[PDB]
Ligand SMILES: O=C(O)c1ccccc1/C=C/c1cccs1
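Only one chain is given next, in structure tokens, and it is the form solved without the ligand.
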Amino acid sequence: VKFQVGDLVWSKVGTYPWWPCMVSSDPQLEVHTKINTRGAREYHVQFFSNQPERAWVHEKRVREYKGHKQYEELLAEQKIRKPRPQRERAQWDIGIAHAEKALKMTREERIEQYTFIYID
């Protein structure tokens, strides 16, 4: 277990760029980490966005969030640059603004301020 509940992380999921997240406990399984059906470690994350979402993300697709400027280092893992949809960039900028606010908080404070409420 490399990450704990309330840790800020970048997550790389599907067709989307490295996204600011916060590690959290899955509401059903009540764990923030598990070993998947392929034997790989996964972490449960909340995505910082105007559209709240959660996901189990493979450990190779999770990186410690040190600050928004770290983004370029993640892509680095004539020169080619991919464009981004205007709407996606707007939501990413919103997520980053939340992550930057969360970064100035203690783990205890950000868990209090950002952990999602789940309704059946």
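The term rigid core refers to the most C-alpha atoms you can superpose between the two forms while keeping them within 1.5 Å. Numbers follow the displayed sequence, beginning with 1.
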Exercise. Relative to the presented form, and with the rigid core used for superposition, do the C-alpha atoms of 35 to 43 or of 67 to 75 deviate more in 8 other deposited structures of this protein?
Worked result: 35 to 43
Problem set entry | Interval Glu77-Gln78, deposited residues with no coordinates in the entry (none, 1 to 3, 4 to 9, 10 or more) | 10 or more
Seminar exercise, completed: Stretch with higher mean Cα temperature factor, 16 to 24 vs 97 to 105, is 97 to 105
Exercise. Which has the higher mean CA temperature factor in the PDB entry, 37 to 45 or 79 to 87?
Worked result: 79 to 87
Problem set entry | Options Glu53, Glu59, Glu72, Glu64 - largest CA temperature factor per the record | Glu72
Exercise. What third of its chain, lowest, middle or highest, does the C-alpha temperature factor of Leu8 fall into?
Worked result: lowest
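Below: the form deposited with the ligand bound, not depicted.
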For this session: Go ahead and superimpose the pocket C-alphas, place the ligand as found in the entry with it bound, and count ligand atoms within 2.4 angstroms of backbone or C-beta atoms: 3 or more is blocked, zero is open.
Result: blocked
For this session: Report whether the minimum heavy atom distance between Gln70 and the ligand in the entry with it bound is within 4.5 Å.
Result: no
Exercise. With the cut-off set at 4.5 Å between non-hydrogen atoms, does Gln28 touch the ligand in the entry with it bound?
Worked result: no
Problem set entry | Contact of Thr33 with the ligand in the entry with it bound (heavy atom, 4.5 Å) | no
Exercise. Does at least one non-hydrogen atom of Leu74 fall within 4.5 angstroms of the ligand in the entry with it bound?
Worked result: no
